[PDB]
């Protein structure tokens, strides 16, 4: 019996959603994403693992008057993409990078309806920016920056205490990607990782350090 979907306010117009899946031999692992409010409209930054929790997430905001305008998935893994099928089935616009959709397609998974590429992509102009630091955790990992709040959603790229699942990781590239991310967003007030607690800009340095260490021992 998995823990309940959790939704709580982080800052003005920004909620953290947490969903849980059993994965071996980790036990139960929490996964954090965001919901970002733009007036009376809501954007999902990552989806929960399941249709059911995606539905609960969507319904929570819909029942409070917010129309769901879209979701963005930060990488191809199920902890960021598990709700894309559901959201597509409800005609809610989904977004992923062109590299993320290619990895989904290749793995037999339903793709985001919209895609983008490049270093920077504005999902919402001046409000929600998507940045591609380069390969790290996965080949396609992106991050999401909220310039008005100085909040960076780092997803599974930000790994301040250890790199985590290396299966699809580019250990050779991660230091350079982590270096670029740090230099881009050292101004961040809050950095929100996927599987640990919210922190400040130091998580960027800690991630770089973890990436460097991981490269050296391989």
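Only the largest set of C-alpha atoms that superpose within 1.5 Å between the two forms is called the rigid core. Residue numbers count along the first chain shown, from 1.
Stretch comparison, 186-194 versus 22-30: after rigid core superposition, larger RMS CA deviation in 7 other deposited structures of this protein is found for 22-30. According to the PDB record, 123-131 carries the higher mean C-alpha B-factor of the two stretches 139-147 and 123-131. In this entry, 37-45 has the higher mean Cα B-factor, the comparison being between 150-158 and 37-45. The deposited CA B-factor of residue 65 belongs to the highest third of values across its chain. In the deposited entry, the Cα temperature factor of residue 18 places it in the lowest third of its chain's modelled residues.
For residue 57, the recorded CA temperature factor ranks within the lowest third of the chain's modelled residues. Per the PDB record, residue ranking by Cα B-factor puts residue 193 in the lowest third of the chain. Per the PDB record, residue ranking by Cα B-factor puts residue 181 in the middle third of the chain.
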